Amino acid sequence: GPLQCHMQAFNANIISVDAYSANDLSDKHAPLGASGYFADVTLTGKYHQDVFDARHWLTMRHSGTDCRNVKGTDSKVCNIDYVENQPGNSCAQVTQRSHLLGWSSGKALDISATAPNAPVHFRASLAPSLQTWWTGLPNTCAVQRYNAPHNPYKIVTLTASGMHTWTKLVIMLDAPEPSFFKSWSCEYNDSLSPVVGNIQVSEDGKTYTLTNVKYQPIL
């Protein structure tokens, strides 16, 4: 399968994640209707070799194709009226899966091949009073809330099926954990390998910031 890498908090909980996903998954030379690569930033409560085996997961997925070619976006592409279907388009969508509550596809944002080349900004943020997670793409229509899980999110997983860069990842904890820095580990596929441009930590030890997380082919 695709490459999955994760960092894991043990006593602290993850309370916020922003991810900036580079626009590099689509192919402007492909025929209409073809798919490209995809990349996810996923939150879970327990460790899993394949994060999507988890009984409950919340993912922020970037797909290298028009949303019309992504199954489960029907009637959920909130900017469908403004983006003509075109080769080189991309799609951004939040999805929560739960073995108890079901498969809940969030709103999807279509991205034009003619739009300025810029990273896609995903955010998932806990509202502790509301006991819900704000999710989606800030300053766009593709936004919704999800109820917090019984087991709070403690693991963030980055998955990609091909070469991809997350230009920026900001993870925030409800309490400091120095071990979070070194919890980085992958389920390797001997096909892609990771490299991180830079990792920083805030003064209070709450906010970890990764710069230029790149999955690239080994051979």
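Residue numbers here begin at 1 and follow the sequence given.
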| item | value |
| --- | --- |
| 141 to 149 versus 124 to 132 - which carries the larger mean C-alpha B factor in the record | 124 to 132 |
| Between the two ranges 178 to 186 and 150 to 158, the one averaging a larger CA B factor in the entry | 178 to 186 |
| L173 by Cα B-factor - lowest, middle or highest third of the modelled chain | highest |
| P116, C-alpha B-factor rank within chain (lowest, middle or highest third) | highest |
| Position of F52 among the chain's modelled residues by C-alpha B-factor, lowest, middle or highest third | lowest |
| Third assignment of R68 from its chain's C-alpha B-factors | lowest |
| CA B-factor placement of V213, once the chain's modelled residues are sorted into thirds | middle |
